[PDB]
Amino acid sequence: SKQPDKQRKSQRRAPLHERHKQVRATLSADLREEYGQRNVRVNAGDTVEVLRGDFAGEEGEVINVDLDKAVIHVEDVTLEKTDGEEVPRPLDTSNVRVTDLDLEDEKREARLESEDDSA
Amino acid sequence: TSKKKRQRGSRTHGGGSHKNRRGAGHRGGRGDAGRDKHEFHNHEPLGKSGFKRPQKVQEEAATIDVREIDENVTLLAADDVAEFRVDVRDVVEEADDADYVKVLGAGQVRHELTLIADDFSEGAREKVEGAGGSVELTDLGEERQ
Amino acid sequence: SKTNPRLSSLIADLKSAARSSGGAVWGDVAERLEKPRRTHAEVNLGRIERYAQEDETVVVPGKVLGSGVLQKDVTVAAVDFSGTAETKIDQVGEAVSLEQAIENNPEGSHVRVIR
Amino acid sequence: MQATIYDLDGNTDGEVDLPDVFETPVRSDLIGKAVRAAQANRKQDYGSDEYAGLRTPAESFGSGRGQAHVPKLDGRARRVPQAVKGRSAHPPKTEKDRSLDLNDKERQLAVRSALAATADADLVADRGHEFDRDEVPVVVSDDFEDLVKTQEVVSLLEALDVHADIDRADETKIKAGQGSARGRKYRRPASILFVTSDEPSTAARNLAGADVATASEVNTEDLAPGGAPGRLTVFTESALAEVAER
RNA sequence: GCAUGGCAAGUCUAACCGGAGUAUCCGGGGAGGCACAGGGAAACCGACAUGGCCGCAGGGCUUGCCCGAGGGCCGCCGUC
RNA sequence: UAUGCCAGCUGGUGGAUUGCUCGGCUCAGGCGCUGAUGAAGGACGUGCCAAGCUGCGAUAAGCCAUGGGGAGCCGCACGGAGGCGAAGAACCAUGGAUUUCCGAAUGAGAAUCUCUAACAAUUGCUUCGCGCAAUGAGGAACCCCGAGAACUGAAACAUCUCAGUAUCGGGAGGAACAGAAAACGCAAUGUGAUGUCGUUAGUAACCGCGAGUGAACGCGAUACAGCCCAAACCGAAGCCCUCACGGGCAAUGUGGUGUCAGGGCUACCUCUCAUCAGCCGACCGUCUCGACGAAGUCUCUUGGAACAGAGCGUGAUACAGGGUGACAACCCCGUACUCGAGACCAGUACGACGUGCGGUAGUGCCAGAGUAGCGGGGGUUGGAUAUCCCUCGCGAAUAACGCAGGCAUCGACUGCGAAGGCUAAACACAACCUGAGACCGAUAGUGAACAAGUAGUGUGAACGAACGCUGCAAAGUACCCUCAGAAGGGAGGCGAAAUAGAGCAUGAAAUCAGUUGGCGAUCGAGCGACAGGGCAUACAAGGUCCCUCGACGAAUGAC
Ligand SMILES: [Cl-]
Ligand SMILES: [Cl-]
Ligand SMILES: [Cl-]
Ligand SMILES: [Mg+2]
Ligand SMILES: [Mg+2]
Ligand SMILES: [Mg+2]
Ligand SMILES: [Mg+2]
Ligand SMILES: [Mg+2]
Ligand SMILES: [Mg+2]
Ligand SMILES: [Mg+2]
Ligand SMILES: [Mg+2]
Ligand SMILES: [Mg+2]
Ligand SMILES: [Mg+2]
Ligand SMILES: [Mg+2]
Ligand SMILES: [Mg+2]
Ligand SMILES: [Mg+2]
Ligand SMILES: [Mg+2]
Ligand code: NA
Ligand code: NA
Ligand code: NA
Ligand code: NA
Ligand code: NA
Ligand code: NA
Ligand code: NA
Ligand code: NA
Ligand code: NA
Ligand code: NA
Ligand code: NA
Ligand code: NA
Ligand code: NA
Ligand code: NA
Ligand code: NA
Ligand code: NA
Ligand code: NA
Ligand code: NA
Ligand code: NA
Ligand code: NA
Ligand code: NA
């Protein structure tokens with residue numbers, strides 16, 4: 001499908017398990033070398049560094065990952081509400097980089113290490 | 001710029017009064033209507049004429065004028081030379097879907113030619129002989145009596 | 001509104017020659033090529049053979065075609081010749097482009113127009 | 001004329017005779033006609049729905065109510081072309097023949113002519129191509145067909161002082177207009193055409209603005225994109241020889 | 001009909017086939033069409049690759065006198 | 001100077017414009033039947049809170065298995081509460097479970113409910129018992145068989161034409177239908193089942209011989225494939241149900257033989273590689289889906305944000321397309337390459353099992369009847385004497401015969417065996433899957449980008465709209481004053497921007513409020529064009545203009 005309308009549509013209507021690929025981020029030079037992958041599906045355990053927003057430069061732990069909106073919440077990357085409350089500023093994984101990985105899952109770590117599959 | 005391209009703004013696009021370009025009345029009727037009345041002019045007259053013989057009782061002769069054969073004798077290097085001798089049947093195109101090959105005598109004959117065909121016209125023979133030539137009638141040509 | 005850039009250049013060259021040199025044929029040929037293609041000459045060999053004479057260059061303000069027989073040893077100059085025409089003519093004489101004619105004879109002398 | 005053959009290092013390595021066709025007088029009007037036809041012949045048929053606007057029993061009330069005689073339904077005008085939601089009076093139609101014919105001779109002549117335009121450094125420069133060479137087209141050893149990496153074709157091109165053209169084509173243009181909504185957002189300059197003999201060059205195809213072709217079927221379009229003669233081309237020893245009979 | 005363009009006593013392929021960069025495009029395909037002879041209801045027969053004269057353009061010459069394509073007027077030929 | 005005229009400014013109204021595309025439109029490749037084992041469709045249900053849509057079915061946004069997938073999830077739908085998921089959830093694929101009522105609707109009745117075991121009805125078989133089975137209805141069009149107009153054209157109109165069209169009745173399939181010559185008839189020493197495409201050709205033929213209508217043989221292609229009965233001669237050697245026993249069918253003939261390379265019979269020759277039946281059973285290709293998949297997120301500047309400019313550098317069998325806070329091969333998806341799976345091709349091709357092909361001589365043993373053919377009356381066709389069909393009446397031969405070769409009869413010649421039957425492939429459509437685009441871009445394009453066959457109209461058949469856009473991120477406006485007030489207003493807060501503040505991008509015109517310039521309560525109406533005066537005017541994008549005098553000085557031309 002080379003047609004723009006079809007491309008955007010299949011991205012917006014992709015089933016839940018096809019959305020993991022919409023929340024992937026590039027890996028730090030070290031991590032790329034370590035596992036032989038250029039990027040990974042950001043998990044709510046990883047530590048990441050913002051490379052593009054107004055928050056570019058800051059680092060923090062991923063607090064939440066929303067598949068439907070393909071967005072993540074990074075600790076301390078927030079907005080000041082009128083009442084004074086502090087709420088998260090959704091980030092696109094595309095403007096983020098993973099510097100640390102939460103590998104408590106045998107499956108995730110397994111996928112990372114193998115050379116025939118990516119996590 | 002084309003004529004069509006310049007019609008915007010003319011209202012009538014060349015048709016004259018806007019009351020003109022309507023239906024078939026502006027053409028005196030649909031198709032050939034009136035070919036015998038208001039528009040008889042320049043229509044061949046009404047009527048039947050002659051008859052036709054059945055398509056499969058008709059013979060189609062494949063012809064060629066001596067002029068054509070003669071103008072290309074030297075050029076037909078792939079065809080007998082003697083005291084030239086050419087089998088017309090091998091020259092004429094359409095000589096297959098043809099009931100027979102006939103040589104007609106239009107033009108000149110500047111060479112001595114020995115022609116073989118299914119038929120010839122007086123003019124063709126006179127010319128081919130007059131140039132010190134001969135005309136040989138094929139076996140199919142054996143249909144003269 | 002000619003489309004062929006070559007035909008266009010030939011026409012301009014024919015003019016440059018009729019003006020500078022004393023030529024009159026070149027300008028005449030130029031005006032005929034400027035007219036609609038349907039009016040350009042289309043001559044077969046039979047006509048060239050009938051009205052041409054040696055040492056007088058035949059000039060066709062169009063194209064020469066291969067029907068008929070040419071025996072006279074003449075030089076024919078045309079806009080173009082069919083493949084067969086040019087072959088038959090070079091066997092007894094010489095087929096030449098109007099562009100060469102204008103060069104070997106910009107005065108356009110000893111020429112005979114055939115259409 | 002002579003054709004200087006080059007090896008994969010960009011160093012002269014003998015020379016062959018540039019075939020006659022490269023002397024075919026350049027005819028840009030015929031070349032333009034050939035490209036125009038090739039472009040028309042790949043266009044797809046289209047047209048609005050035969051019944052768009054006609055799916056209604058709308059009727060006109062005629063005289064009597066101080067209203068124009070326009071078909072209406074549920075007090076809403078319909079069907080007629082001046083009516084909103086009405087039919088399109090003279091719309092695009094599927095039945096229309098959008099193809100262009102072209103005599104084989106006229107087309108083959110254009111092919112030969114576009115080939116020839118390729119051997120004229122001045123023409124190639126006017127067409128717009130960037131390069132610092134005097135000879136053209138660029139002829140190379142059949143070994144070129146064995147290259148596998150794009151990068152290697154790059155070095156060879158830089159060595160042949162022709163890489164500048166790819167630099168030229170290394171710029172996409174985001175077109176003005178709605179073509180963008182139909183997938184035609186980008187467009188870019190046409191650079192070097194690579195004519196091989198056995199198979200199109202896989203190693204050169206992804207080069208910016210480059211097009212790969214084969215001698216037996218290279219056409220007017222790849223030889224003269226958009227109908228403009230004189231494309232910076234690079235033939236193959238064998239390719240050059242095959243083209244001769246086209 | 002016309003303008004432009006290819007080829008020219010020829011010209012063009014249709015469906016379709018092969019290739020491929022796969023609706024483009026390159027190669028093939030002349031089946032068949034129109035043109036190359038007409039006249040006659042039909043049977044059937046079957047024509048000027050030029051014989052004469054004017055003469056435009058153009059060419060030539062010793063500067064009106066020649067040669068004069070095309071064009072025009074005749075002859076002559078095919079057929080009913 | 002009120003009422004007011006003209007133009008502008010600030011604010012509004014309105015929703016044009018430009019930009020954008022979750023929708024259309026069209027083309028292309030693939031694929032293609034469902035249903036009594038109750039379909040399609042509809043009704044009513046089903047969620048913690050649930051009105052619409054979607055899903056599902058009392059196991060009700062779901063239950064189970066296997067594979068994939070993965071750290072999240074609890075549909076559209078971003079609330080509140082609560083919950084699920086490493087016992088691997090969500091989600092995807094395949095298979096299974098559940099699957100209310102009406103609905104062909106089938107126990108009977110009924111506007112989706114009700115009444116007291118049910119294939120209702122029609123059929124085949126039949127253990128004659130609904131015991132075993134069939135049919136019904138649906139489907140985008142395509143396909144086959146029947147019924148069959150009129151407007152219109154002929155410049156009126158009747159035959160003709162529109163047209164065997166619209167529409168109606170019946171029915172199949174994934175494709176139908178056709179199909180192995182009683183053919184063709186470039187007449188031949190020739191072709192060789194059938195569709196279809198190109199051509200033959202607007203030719204032959206028809207026709208108030210008007211208007212109009214309109215083939216075929218052949219040829220070039222596509223794809224190719226050829227067979228089975230009836231009968232003769234045999235005569236129960238046979239078939240169906242059932243595990244079996246047993247039952248049923250069948251001399252009104254099951255079965256063997258045989259089918260124009262005629263066959264059978266009798267006597268021979270040779271031989272099987274034909275055919276038919278059954279077994280096995282794909283490659284390749286094509287369509288779709290999936291795995292893996294290279295290279296910058298470096299410097300300075302602008303910016304709310306770099307995907308911008310300048311600089312430095314990289315990959316490329318990958319510089320298609322998309323996303324990401326602005327123009328991105330190197331940030332993310334993907335894309336090239338390679339690989340895997342399913343579907344279709346196809347229960348086909350190949351291979352193999354069984355059968356046995358064929359030839360000579362003799363033999364009038366066999367070879368499809370209301371038929372071939374004629375007549376009356378119609379329809380239909382280009383079919384003209386010479387199309388195809390219907391209807392009423394009449395009506396033959398038997399291969400030593402018969403039909404055809406575009407009028408009839410007789411002879412000759414050439415072709416061919418009707419009145420029994422089957423048959424793959426090449427072609428139609430577009431529901432369904434996918435791909436594509438010099439198509440449209442929200443009054444367009446579907447009626448339908450939105451609640452869309454929705455809201456709504458009609459007793460009913462049927463009819464039928466309009467409505468797209470905050471922002472990079474909801475940061476979707478806390479607190480205070482005012483007020484009858486969760487309204488509104490004031491002040492204030494967020495953001496690059498609130499004149500982005502909720503139907504919120506831009507924000508035209510008609511037009512409205514306020515206001516500025518000009519005119520204005522003694523004066524006349526196509527509202528202007530051209531001349532010339534008043535008054536008015538920030539810059540920018542135009543820079544000229546006034547008066548003395550002098551130079552030049554056409555026509556004309558004095559006191
Ligand atoms: Cl006749
Ligand atoms: Cl001529
Ligand atoms: Cl035949
Ligand atoms: Mg890995
Ligand atoms: Mg519309
Ligand atoms: Mg625009
Ligand atoms: Mg032929
Ligand atoms: Mg019931
Ligand atoms: Mg009428
Ligand atoms: Mg009449
Ligand atoms: Mg008809
Ligand atoms: Mg026929
Ligand atoms: Mg049998
Ligand atoms: Mg009729
Ligand atoms: Mg609409
Ligand atoms: Mg009513
Ligand atoms: Mg707005
Ligand atoms: Na006119
Ligand atoms: Na009019
Ligand atoms: Na008329
Ligand atoms: Na009359
Ligand atoms: Na409608
Ligand atoms: Na009105
Ligand atoms: Na079309
Ligand atoms: Na031909
Ligand atoms: Na399907
Ligand atoms: Na609900
Ligand atoms: Na179900
Ligand atoms: Na039943
Ligand atoms: Na029963
Ligand atoms: Na009329
Ligand atoms: Na009337
Ligand atoms: Na009639
Ligand atoms: Na033939
Ligand atoms: Na990004
Ligand atoms: Na009858
Ligand atoms: Na016959
Ligand atoms: Na709208």
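Throughout, protein chains are lettered first and strands after them, A, B, ... in sequence-line order, and every chain is numbered starting at 1. As a basis for the values below, the full set of heavy atoms in this structure was taken, side chains included, without hydrogen atoms, waters or symmetry mates.
- Within the 3.5 Å criterion, the main-chain N or O of A/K107 finds a donor-acceptor partner in the side chain of A/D105.
- Side-chain contact annotation: B/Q55 with B/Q58, donor-acceptor N/O pair under 3.5 Å absent.
- Consecutive residues E/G32 and E/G33 stack, with base ring centres under 5.5 Å apart and planes meeting at under 30°.
- The salt bridge (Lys or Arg N to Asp or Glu O under 4.0 Å) pairs that include a residue from residues 45-55 of chain B number zero, where partners must be two or more places apart or lie in different chains.
- Contact of D/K173 with F/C327 (side chain to base): no donor-acceptor pair of N or O atoms is detected under 3.5 Å.
- The side-chain hydrogen bond (donor to acceptor under 3.5 Å, both in side chains) test applied to B/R110 returns B/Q108, not counting sequence neighbours.
- A donor and an acceptor atom never sit less than 3.5 Å apart when one is taken from the side chain of A/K81 and the other from the base of F/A474.
- With D/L223 as reference, D/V218 is the one residue of D/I31, D/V218, D/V35 to meet the side chain to side chain contact (heavy atoms under 4.5 Å, CB included) rule.
- In terms of modelled atom types and a separation under 3.5 Å, the side chain of C/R115 and the main chain of C/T39 share a donor-acceptor contact.
- Base orientation for F/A232: anti, the chi torsion being more than 90° from 0.
- A donor-acceptor contact under 3.5 angstrom links the side-chain atoms of A/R89 to the base of F/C472.
- Under the 5.5 Å centre and 30° plane thresholds, F/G464 does not stack on its strand neighbour F/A465.
- RNA chain E lies under 4.0 Å from at least one heavy atom of each of the following residues of residues 31-48 of chain C: C/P36, C/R37, C/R38, C/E42, C/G46, C/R47.
- Pairing between F/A291 and F/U338: present (Watson-Crick or G-U wobble, both distances under 3.5 Å).
- Judged by atom type and distance alone, B/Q55 does not reach the base of F/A204 through any side-chain donor-acceptor pair under 3.5 Å.
- Candidate nucleotides F/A211, F/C292, F/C91 were compared by shortest atom distance to the side chain of A/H17, and F/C91 ranks first.
- Comparing A/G84 and D/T94 along RNA chain F, the residue whose closest nucleotide (by nearest heavy atom) sits nearer the 5' end is D/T94.
- Heavy-atom distances under 4.0 Å link RNA chain E to C/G108, C/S109, C/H110, C/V111, C/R112, C/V113, C/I114, C/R115 of residues 107-115 of chain C, given in residue order.
- Under a 3.5 Å limit on both donor-acceptor distances, the bases of F/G406 and F/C5 fail the Watson-Crick or G-U wobble criterion.
- Along RNA chain F, the nucleotide nearest A/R38 and the nucleotide nearest D/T150 are compared for position; the residue whose nucleotide lies closer to the 5' end is A/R38.
- Of the two grooves, the minor groove is the one D/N206 reaches, taking side-chain heavy atoms under 5.0 Å from the groove's base N or O atoms.
- Base-pair annotation: F/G435 with F/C27 meets the Watson-Crick or G-U wobble criterion (two N/O distances, each under 3.5 Å).
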Exercise for review: Summarise how protein sits on nucleotides 300-307 of chain F as a single string, 5' to 3': B when a protein heavy atom is under 4.0 Å from the base, S for sugar-phosphate-only contact, - for no contact.
Suggested key: ----SSSS
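- Sorted by first then second residue, the side chain to side chain donor-acceptor pair (under 3.5 Å) pairs that include residues 83-93 of chain A, not counting sequence neighbours, are A/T78-A/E86.
- Contact record, D/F194 with D/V153: CE2-CG1, 4.1 Å, taken as the closest heavy-atom pair.
- Listed nucleotides: F/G296, F/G456, E/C25. Nearest to the side chain of D/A38: E/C25.
- The base-pairing partner of F/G131, taking Watson-Crick or G-U wobble contacts with both distances under 3.5 Å, is F/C125.
- With both distances under 3.5 Å, F/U213 pairs with F/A205 in Watson-Crick or G-U wobble fashion.
- Bases F/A61 and F/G62 do not qualify as stacked neighbours, criterion being ring centres under 5.5 Å and ring planes under 30°.
- The nucleotide F/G195 finds its pairing partner in F/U222, both defining distances of the Watson-Crick or G-U wobble pair being shorter than 3.5 Å.
- With both atom-pair distances required to fall under 3.5 Å, no Watson-Crick or G-U wobble pair links F/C160 to F/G543.
- Evaluated for a salt bridge (charged side-chain N to carboxylate O under 4.0 Å, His left out) with D/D45, the options D/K96, D/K93, D/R98 yield exactly one hit, D/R98.
- Annotation: side-chain hydrogen bond (donor to acceptor under 3.5 Å, both in side chains) contacts of A/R32 (sequence neighbours excluded): A/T26.
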Check your understanding: Going 5' to 3' along nucleotides 71-80 of chain E, which nucleotides have protein heavy atoms under 4.0 Å from the base (write B), which only from the sugar-phosphate (write S), and which from neither (write -)?
Key -> ----------
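- Stacking between F/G208 and F/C209 is absent, since the six-membered rings do not have centres under 5.5 Å apart together with planes under 30°.
- Nucleotide F/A58 is shown with a syn base, its glycosidic torsion being within 90° of 0.
- Not one side-chain nitrogen or oxygen of D/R188 sits closer than 4.0 Å to the OP1 or OP2 atom of F/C319.
- Nucleotide F/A86 carries a syn base; the chi torsion (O4'-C1'-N9-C4 or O4'-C1'-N1-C2) is within 90° of 0.
- Mapping B/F120 and C/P61 onto RNA chain E via the closest heavy atom, the residue that lands nearer the 5' end is B/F120.
- An anti base is found at E/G51: its glycosidic angle is more than 90° from 0.
- Here F/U165 is not matched with F/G402 as a Watson-Crick or G-U wobble partner, both contacts being required under 3.5 Å.
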Check your understanding: How does each nucleotide of nucleotides 434-447 of chain F score, in 5' to 3' order, for protein heavy atoms under 4.0 Å: base (B), sugar-phosphate only (S), or none (-)?
Key -> -SBBBSBB-BS-SS
**Study point:** Under 4.0 Å protein heavy-atom contact, by nucleotide of nucleotides 79-89 of chain F - B base, S sugar-phosphate only
**Key:** -------B-B-
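- In this structure, F/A237 shows a glycosidic angle within 90 degrees of zero, which is the syn conformation.
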**Study point:** Annotated protein contacts, base or backbone, on nucleotides 27-45 of chain E with a non-hydrogen cut-off under 4.0 Å, one of B, S, - each
**Key:** S--------BB---BSS--
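- Taking every side-chain heavy atom of D/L30 into account, E/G5 is the closest of E/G5, F/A475, E/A9.
- Nucleotides F/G405 and F/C413 are base-paired: the Watson-Crick or wobble atom pairs both lie closer than 3.5 Å.
- Nucleotides F/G238 and F/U380 fail to qualify as a pair under the Watson-Crick or G-U wobble definition, as the contacts are not both shorter than 3.5 Å.
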Table of protein N/O atoms under 3.5 Å from nucleotides 333-343 of chain F N/O atoms:
{"unit_1": "F/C333", "atom_1": "OP1", "unit_2": "A/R24", "atom_2": "NE", "d": "2.8"}
{"unit_1": "F/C333", "atom_1": "OP1", "unit_2": "A/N39", "atom_2": "ND2", "d": "3.4"}
{"unit_1": "F/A336", "atom_1": "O2'", "unit_2": "D/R205", "atom_2": "NH2", "d": "2.7"}

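- Closest to the D/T214 side chain, of the nucleotides E/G59, E/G21, F/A90, is E/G21.
- Between A/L27 and A/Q37, the shortest heavy-atom contact is CD1-O, 3.7 Å.
- Taken together, F/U446 and F/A111 fail the test for a Watson-Crick or G-U wobble pair, since the two needed distances are not both under 3.5 Å.
- Taking both residues in full, the closest heavy atoms of C/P61 and C/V113 are given as CD-CG1, 4.1 Å, listed atom of the first, atom of the second, then distance.
- The six-membered rings of F/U189 and its strand neighbour F/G190 do not satisfy centres under 5.5 Å apart together with planes under 30°, so the two bases count as unstacked.
- Donor-acceptor pairing under 3.5 Å, judged by distance alone, is absent between the side chain of A/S94 and the base of F/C332.
- Minimum heavy-atom separation, A/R19 to A/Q11: NH2-O, 3.3 Å.
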